[PDB]
Amino acid sequence: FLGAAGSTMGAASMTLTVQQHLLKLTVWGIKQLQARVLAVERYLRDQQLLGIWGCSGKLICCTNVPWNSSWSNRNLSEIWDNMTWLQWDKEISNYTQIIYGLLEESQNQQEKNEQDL
Amino acid sequence: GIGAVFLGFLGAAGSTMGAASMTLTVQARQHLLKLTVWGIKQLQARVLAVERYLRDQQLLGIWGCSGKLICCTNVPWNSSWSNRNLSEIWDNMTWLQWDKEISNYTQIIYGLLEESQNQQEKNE
Amino acid sequence: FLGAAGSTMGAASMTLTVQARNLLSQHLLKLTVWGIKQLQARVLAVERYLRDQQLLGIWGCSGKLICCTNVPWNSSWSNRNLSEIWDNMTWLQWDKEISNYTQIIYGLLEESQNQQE
Amino acid sequence: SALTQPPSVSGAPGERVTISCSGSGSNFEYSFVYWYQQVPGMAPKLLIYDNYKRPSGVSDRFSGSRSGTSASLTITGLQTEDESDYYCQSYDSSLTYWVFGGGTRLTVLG
Amino acid sequence: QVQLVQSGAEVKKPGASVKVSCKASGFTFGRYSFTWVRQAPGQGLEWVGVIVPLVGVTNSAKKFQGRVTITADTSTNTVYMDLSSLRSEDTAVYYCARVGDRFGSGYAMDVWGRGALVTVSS
Amino acid sequence: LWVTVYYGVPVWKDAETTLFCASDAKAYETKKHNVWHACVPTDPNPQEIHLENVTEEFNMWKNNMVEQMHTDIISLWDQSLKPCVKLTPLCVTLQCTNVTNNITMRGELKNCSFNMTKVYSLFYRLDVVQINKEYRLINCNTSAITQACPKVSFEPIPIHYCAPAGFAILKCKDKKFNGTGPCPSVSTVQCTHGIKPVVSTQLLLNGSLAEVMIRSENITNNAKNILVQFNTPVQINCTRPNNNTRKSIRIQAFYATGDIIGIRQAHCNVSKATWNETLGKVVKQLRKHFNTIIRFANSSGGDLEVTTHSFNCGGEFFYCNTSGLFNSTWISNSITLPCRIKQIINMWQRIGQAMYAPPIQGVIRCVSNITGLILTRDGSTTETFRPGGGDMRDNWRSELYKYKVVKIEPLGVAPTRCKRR
Amino acid sequence: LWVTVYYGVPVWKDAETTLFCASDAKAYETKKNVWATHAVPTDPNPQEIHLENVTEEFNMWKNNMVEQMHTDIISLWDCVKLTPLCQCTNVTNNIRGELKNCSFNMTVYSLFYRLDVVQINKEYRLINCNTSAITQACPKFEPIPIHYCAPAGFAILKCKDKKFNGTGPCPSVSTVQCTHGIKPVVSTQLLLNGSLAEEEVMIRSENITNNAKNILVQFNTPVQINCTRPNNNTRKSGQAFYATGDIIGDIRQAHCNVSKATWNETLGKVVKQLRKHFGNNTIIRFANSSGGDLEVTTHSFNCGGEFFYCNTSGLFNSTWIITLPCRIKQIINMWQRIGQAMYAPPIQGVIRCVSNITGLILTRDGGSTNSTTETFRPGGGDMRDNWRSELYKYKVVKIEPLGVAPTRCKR
Ligand SMILES: *[C@@H]1O[C@H](CO)[C@@H](O[C@@H]2O[C@H](CO)[C@@H](O[C@@H]3O[C@H](CO)[C@@H](O)[C@H](O)[C@@H]3O)[C@H](O)[C@H]2NC(C)=O)[C@H](O)[C@H]1NC(C)=O
Ligand SMILES: *[C@@H]1O[C@H](CO)[C@@H](O[C@@H]2O[C@H](CO)[C@@H](O[C@@H]3O[C@H](CO)[C@@H](O)[C@H](O)[C@@H]3O)[C@H](O)[C@H]2NC(C)=O)[C@H](O)[C@H]1NC(C)=O
Ligand SMILES: *[C@@H]1O[C@H](CO)[C@@H](O[C@@H]2O[C@H](CO)[C@@H](O)[C@H](O)[C@H]2NC(C)=O)[C@H](O)[C@H]1NC(C)=O
Ligand SMILES: *[C@@H]1O[C@H](CO)[C@@H](O)[C@H](O)[C@H]1NC(C)=O
Ligand SMILES: *[C@@H]1O[C@H](CO)[C@@H](O)[C@H](O)[C@H]1NC(C)=O
């Protein structure tokens, strides 16, 4: 996933779906092993997050909570087209906690309505 | 680490089943050579825990629950299993008390879940 | 783990769960290097499993074993009698008959979920 | 390194009986005492070991204890199914060779 | 289910030698031991010998010194006793008894075989 | 209504899982030779999450850590004797002589001399048996003895116990808890406290400290041993006042005990007053299960590991009377103990197998805590409690009386008034 | 109909992977280290689940485990490294042939073999010093079963049918969690401690009809071969130049004994099988290796820590319608590579090891004569074929549990 860095979100979205000599080997073997596990565990925590929002590993998900203009917003076209979006997070970075709350609240109300109906 | 998660699920054991429900969503969030050996067992335990969490997830997968936490299913609850009203069964009991009475019927319920989901997808 | 591999397609449809939970399937240095091979194996099992899980995740299943879709089967990928499909057409040969079309099926499935979104 | 037992002691049903086991040698004071119940035609069965410990699954009416340089096996509530031979054994750890007592006969009146 | 199966009864001419066998019943030797006790008919039983298959150490009663050979095989979980120069004094039933528990920490004789009856007659 | 599943609610079911050892960094670093195997160090982060409105039926006489953790000691200790050298050819017809250069001892030591492939050696009366001035070791032929390597020692090292993920340890914290039945305070911890592999008979040396508690599988039963944990420790200092001389003989290298520098018997000491006070606290607690008559008589008999008080002191194993501490009678209303030294010892009551203690040079002194007692009720005048002990299991149960291993099943069901679509 | 995905369907594909060894519990028991007893000592638990009504074709030729394990032994195969780059006389103290002793100065004498040394132009030299920087191996060869267990993404299949002769669909297939006692037979033109079949002796070759490739033969009746090394020698040593000491006693060369009756019975069954696939008129003949170096012509195998180049001239001595001396040199060019030595220390005392012959490596001659007769000669040199006789009924299949099929359903 790291190689794709440095491209627009219109370009990134498509690329996303496809996506002793013994002593040196034994120690740095563990570290390579150590990294592999933190790959899986970090993956699950994300999957848990996407679970409560209503996605659960759908990659390009969706949600029914609007994008208020209070968040850093511009014309949608430029965000898709020309803005490299490794810097897009730098725009929505101090707003990234409250927005998850709206994602958190949206599913909870959505399931409650489903529970009633 | 996942190791603390499991007894994190055990943090509030005596609380009411209703109390655990909301807390669940809140819960949804030569010294070199000796350092080599300890690296194995510390790593060996952790990857084992991962399999434990996947196995339950896969078990939750067979039933109509995907990966959600507070899941629901449309299989009727016959009165034969612990006939008792829904009112008290969520306030004055504890999970430890609840399953101990149920522990005579865990497997039949799990089996009862399997075909309950199974029939749903074919005729969908 | 394979079980009734060559059995009738209908037979395999019943036993897909594979019994539910069974479906997943110098002295200091000498002992250490053995451990690395053991741990490297187990994590390799998990990584392969999740990639398959996420592969189902892109599709409208996300880990539901049997999973109906919304893609109508085109009558061009070497189709035969529907009864024969679940009478004698065993799974393994059913793969060899499809072969190339799996990439077509994989590509076809991807767009249907996205256009749903 | 020799153990002495009474030849035969009988007991009325429902009463309590005791059997002595006296062995010469200071080593007798440095070695355990076991007791074996033996049906006159069957194989021995362990009855009490380590001088007071009952093996799992043995009737609680059997219990014995040491007394200086002698041993004693006490039965409470003798029934008509407890008539057999009772052997006291002293395992000399130093010399590494078990020694079996002569054998005491118990008969229930009836 | 733990048992010490044995060979059948034997009749031997005096001056010969006897072999008696005992086989495990679902366990290896591990750390346990084995011992042999003989009982003359109408008589209190008496000790014969002992072996520890884990370390291959042996011992026997002074009376049978130089007359008893105690053998073991870790492959087939069997212990054989070879008593030499049988006479009328050795007309007795020979039990093989297990000793100890999962750690070899005991000294008693808890599990007993059925009993092999060796007869010496002229 | 219908049923709903809740992945994560707390659930318990008693089960047995293979735990793993736990140690400390500095403690592991301080491991010259093998005074006792690399072990995982545990991060000092005791979760100790105190549960409220919780109650789990603890047990101690059916616990499975005791059988587990005892087995860990046996396997570890077997490895302590593996790399060392067998003493199979060592024994030969000896020429020991009752030489008494000094008398405290009373001729306990012997000036043994063997015609090796002709060197003298010292051996106490315990480790050698007369034969028929000719003698031999207690059990070399028709037996098997393996001397411990001289470099290694035998000082205990604290060990913690941690369960793998999916299994949690329940620790009882109630002050008054005899061992069985429910415990109010059930604190869930992953890594237990500093278990000590203390090797000792009826006198529990330097273990965990308790009021004095009385714990028994069944008091009515005389068979089961009664464990008593002391609330207040009683200091015990015990010394070997003789400088041992270690002579290496190239046979492999045997280590004979050379002539002692200048002869006083090893002896233990106990503060008589403090012992008297603690025993009254014991007898006052015993009377709770029973006014009555209580008498103490010394160990009735048996092997030298039970008749006396066996314990380890700086790599040397002592056998000492306890007749000076268990001779009293009590109604409703310093002490020196003679000792003996053995070098050929067969710990854990194993036939054939035994280890030879290599000599330790100088005067040996050690101090520890008398925190636990093991008493055996005799078979309605008075209930004489003789000191028993014996089975090595009990000395573990004085520490693991307050821990259990439970399997957690986060999955669960409930009949909720809700339906799917 | 609509496409519906299925996860967990029993479907696999022919795949190649680097398998991991799973040695037995006795790896550390004989770990003196031994190139074969080296510890992954994973508990070899075999589970042979049978299948039903399914058959797939194996291919023992052009296989993957044949070369996958071949390199695994090489890594296990590869202490003191000598390269003794820097005078001898015939010794006849007690004479078959005559050995030789070489007098030299080390920074003494050494008892070599005739084949081990080559004259320089009497004075001889080490055959391997001038050719390459040879490297004497460790003084410190016990084959042990190594049950292969597949990684969780792969499975190992077995052909329970005993009539599989090399290629084609095997009727009965049973998936195997962990393979059987595959062992490093490590020998030429003869299988030693090999696997025994339970039917008539089997014939198998890549293209039997043609002389291009070797012929593999299965046995059912083993043959015992005894070889002895009755000699005693010392060792001479910073600069550790390990030569050999003087011979203590008679100057005796090694020899071997071979049975006759059982060997005769085997060939007839071999002849009968050859009669099955060649006709009932042609004459079968046996000869020798009219070519190939010592490692090919001579029967080389491991026995008592030394490798014996036994002399198989007498075995292939027949025509169809007793003791063969072994001829040893200390240089062991076992993996047919210029550079390696394995100068094994001479073992003291007789050996007389127990052997077990289970297979043959035969090579056809030319096609000079048509329909009259053909000569079969001993072969070898590439012991890749040697291991093909143990894994011929095994394969690794990459399970691909994802599966798709059409059905009439909506969602
Ligand atoms: C603790 O130990 C005492 C014994 O010291 C146990 O009491 C014993 O309980 C058993 C039954 O479990 C009694 O056996 C039965 O006794 C009745 C007469 O009371 C008899 O009719 C039956 O045929 C049978 O023999 C035994 O006699 C009794 N002994 C005594 C001295 O009370 C007690 O149950 C144990 N409790 C625990 C903690 O397990
Ligand atoms: C435990 O307490 C008992 C009494 O309270 C002590 O009993 C004494 O045991 C010794 C053992 O050496 C006896 O000495 C021996 O007596 C026999 C009797 O025939 C004699 O033949 C020996 O030569 C030797 O003298 C001693 O007599 C006995 N006390 C009395 C008053 O008889 C015992 O020592 C204490 N300790 C142990 C470990 O049992
Ligand atoms: C353990 O202590 C007891 C007493 O404390 C010792 O027994 C004494 O033995 C002598 C020997 O004749 C008697 O004269 C004394 O009367 C005994 N003591 C008492 C109080 O009666 C015993 O010897 C000690 N154990 C050992 C092994 O020596
Ligand atoms: C064994 O040692 C004992 C002394 O402990 C001696 O009497 C006996 O003769 C020795 N020989 C035997 C029988 O092994
Ligand atoms: C195998 O041998 C046959 C007959 O000589 C030949 O025609 C064919 O090309 C050879 N190649 C194969 C199939 O291996």
# chains A, B, ... in the order shown; residues from 1 in each chain; ligands from 1
$ residues_around --residues "stretch 23-33 of chain E" --least-positions-apart "4" --cutoff "12 Å" --atoms "only C-alpha atoms" --output "number ranges by chain"
E: 1-7, 49-59, 72-81, 96-114; F: 74-75, 78, 350-353
$ interface_residues --of "chain G" --to "chain C" --cutoff "7 Å" --atoms "only C-alpha atoms" --output "number ranges by chain"
G: 1-11, 39-40, 51-54, 151-153, 406, 409-411
$ interface_residues --of "chain B" --to "chain F" --cutoff "7 Å" --atoms "only C-alpha atoms" --output "PyMOL selection string"
chain B and resi 3+6-7+9-10+12-14+20+24+34+38+45+49+69-77+95-96
$ write_last_selection --atoms "C-alpha atoms" --output "mmCIF file, in the first residue's frame"
data_model
loop_
_atom_site.group_PDB
_atom_site.id
_atom_site.type_symbol
_atom_site.label_atom_id
_atom_site.label_comp_id
_atom_site.auth_asym_id
_atom_site.auth_seq_id
_atom_site.Cartn_x
_atom_site.Cartn_y
_atom_site.Cartn_z
ATOM 1 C CA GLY B 3 -4.065 -10.565 25.312
ATOM 2 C CA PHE B 6 -9.968 -11.114 26.570
ATOM 3 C CA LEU B 7 -9.909 -10.276 30.269
ATOM 4 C CA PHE B 9 -14.160 -8.643 28.172
ATOM 5 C CA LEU B 10 -13.913 -9.930 31.759
ATOM 6 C CA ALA B 12 -17.098 -6.115 34.487
ATOM 7 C CA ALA B 13 -18.293 -9.626 35.311
ATOM 8 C CA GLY B 14 -20.787 -8.951 38.098
ATOM 9 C CA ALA B 20 -22.336 -5.086 29.806
ATOM 10 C CA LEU B 24 -19.273 -3.632 25.038
ATOM 11 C CA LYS B 34 18.465 -14.730 26.429
ATOM 12 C CA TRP B 38 12.243 -14.665 25.314
ATOM 13 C CA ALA B 45 1.804 -16.496 22.791
ATOM 14 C CA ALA B 49 -4.137 -15.283 20.782
ATOM 15 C CA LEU B 69 -20.868 -7.362 18.171
ATOM 16 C CA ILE B 70 -24.521 -6.976 19.209
ATOM 17 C CA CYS B 71 -25.944 -9.411 16.674
ATOM 18 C CA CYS B 72 -29.524 -10.563 16.224
ATOM 19 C CA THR B 73 -31.040 -13.608 14.553
ATOM 20 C CA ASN B 74 -34.525 -14.789 13.615
ATOM 21 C CA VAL B 75 -34.648 -18.214 15.255
ATOM 22 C CA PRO B 76 -37.479 -18.568 17.795
ATOM 23 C CA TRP B 77 -36.667 -19.065 21.464
ATOM 24 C CA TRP B 95 -23.859 -13.663 32.884
ATOM 25 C CA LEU B 96 -22.092 -16.225 35.067
#
$ residues_near_ligand --ligand "ligand 2" --cutoff "8 Å" --atoms "only C-alpha atoms and all ligand atoms" --output "list in words"
residues 26, 29 and 68 of chain D; 297, 298, 299, 300, 301, 307, 308, 321, 322 and 323 of chain F
$ atom_distance --atom1 "atom CA of residue G:166" --atom2 "atom CA of residue G:196"
16.1 Å
$ residues_near_ligand --ligand "ligand 1" --cutoff "10 Å" --atoms "only C-alpha atoms and all ligand atoms" --output "list in words"
residues 59, 60, 61, 76 and 77 of chain D; 180, 216, 217, 218, 219, 220, 221, 222, 223 and 224 of chain F
$ write_last_selection --atoms "C-alpha atoms" --output "PDB file, in the first residue's frame"
ATOM      1  CA  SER D  59     -13.076 -47.456  52.509  1.00  0.00           C
ATOM      2  CA  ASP D  60     -12.732 -44.855  55.248  1.00  0.00           C
ATOM      3  CA  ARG D  61     -13.072 -47.557  57.905  1.00  0.00           C
ATOM      4  CA  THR D  76     -13.883 -49.330  62.582  1.00  0.00           C
ATOM      5  CA  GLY D  77     -17.134 -51.201  62.076  1.00  0.00           C
TER       6      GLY D  77
ATOM      7  CA  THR F 180     -12.446 -24.357  49.928  1.00  0.00           C
ATOM      8  CA  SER F 216      -7.341 -29.246  55.469  1.00  0.00           C
ATOM      9  CA  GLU F 217      -8.989 -31.406  52.758  1.00  0.00           C
ATOM     10  CA  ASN F 218     -10.931 -33.027  55.659  1.00  0.00           C
ATOM     11  CA  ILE F 219     -10.275 -32.465  59.419  1.00  0.00           C
ATOM     12  CA  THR F 220     -12.656 -35.329  60.406  1.00  0.00           C
ATOM     13  CA  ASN F 221     -10.239 -37.436  58.334  1.00  0.00           C
ATOM     14  CA  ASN F 222      -6.922 -38.184  59.987  1.00  0.00           C
ATOM     15  CA  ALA F 223      -5.362 -39.101  56.641  1.00  0.00           C
ATOM     16  CA  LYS F 224      -5.140 -35.676  55.018  1.00  0.00           C
TER      17      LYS F 224
END
$ residues_near_ligand --ligand "ligand 5" --cutoff "12 Å" --atoms "only C-alpha atoms and all ligand atoms" --output "PyMOL selection string"
chain G and resi 61-62+167+205-213+367
